[PDB]
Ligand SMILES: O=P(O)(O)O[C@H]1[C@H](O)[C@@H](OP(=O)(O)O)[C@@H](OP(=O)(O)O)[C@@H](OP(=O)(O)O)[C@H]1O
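Okay, here we've got a single chain as structure tokens, the form deposited without the ligand, with questions on binding and movement later.
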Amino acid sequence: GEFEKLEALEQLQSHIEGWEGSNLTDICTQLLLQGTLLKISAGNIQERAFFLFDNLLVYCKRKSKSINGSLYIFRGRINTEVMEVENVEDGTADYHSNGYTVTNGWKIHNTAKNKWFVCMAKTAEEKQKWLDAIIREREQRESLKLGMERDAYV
């Protein structure tokens, strides 16, 4: 049942061409949420596939069963320990959003690479889904770590 999840992670990763860094089965145990979001960079709002696992966020370009087997092209990853997430209020337009107007969005800084971007969901409910999952992943990760220091004598 634990191993079955690892096998699913391995399957997913095999559909992502251009994978960089450690394997999903080395650092993750499950996929918590996946979905399409708009990612903002200079002169680009681009649709990207986002995947939140325990310990890792990954974003990819979606390829339109594929002919060659791969369904996504790797774009980036963030260890959730170095991922700083902040809310963006609707209507905000500033240098963090590359001059674009944000609705149903949020900002992510990756402090391992000193890179940032803004994400937008299509609806408020979808933003709340993403934020809730981001909070749950952090809470669980902090709950594990601490639990394992509080379980020092057991």
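When you see a residue number, it is the position in the sequence shown, counting from 1. We call the rigid core whatever largest set of C-alpha positions still superposes within 1.5 Å between the two forms.
The next section is about a form of this same protein that is not shown, the form deposited with the ligand bound.
- With the partner omitted here, the stretch from 91-99, 22-30, 43-51, 121-129 that lies within 4.5 Å of the ligand by heavy atoms in the deposited bound form is 43-51.
- In the deposited bound form, at least one heavy atom of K39 sits within 4.5 Å of a heavy atom of the ligand.
- Put simply, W106 is far from the ligand in the deposited bound form: not one heavy atom of it is within 4.5 Å.
- At a distance threshold of 4.5 angstroms between non-hydrogen atoms, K115 is in contact with the ligand in the deposited bound form.
- Only one entry in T36, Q128, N44, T111 has its C-alpha moved by 2 angstroms or more between the shown form and the other one when the rigid core is superposed, and that entry is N44.
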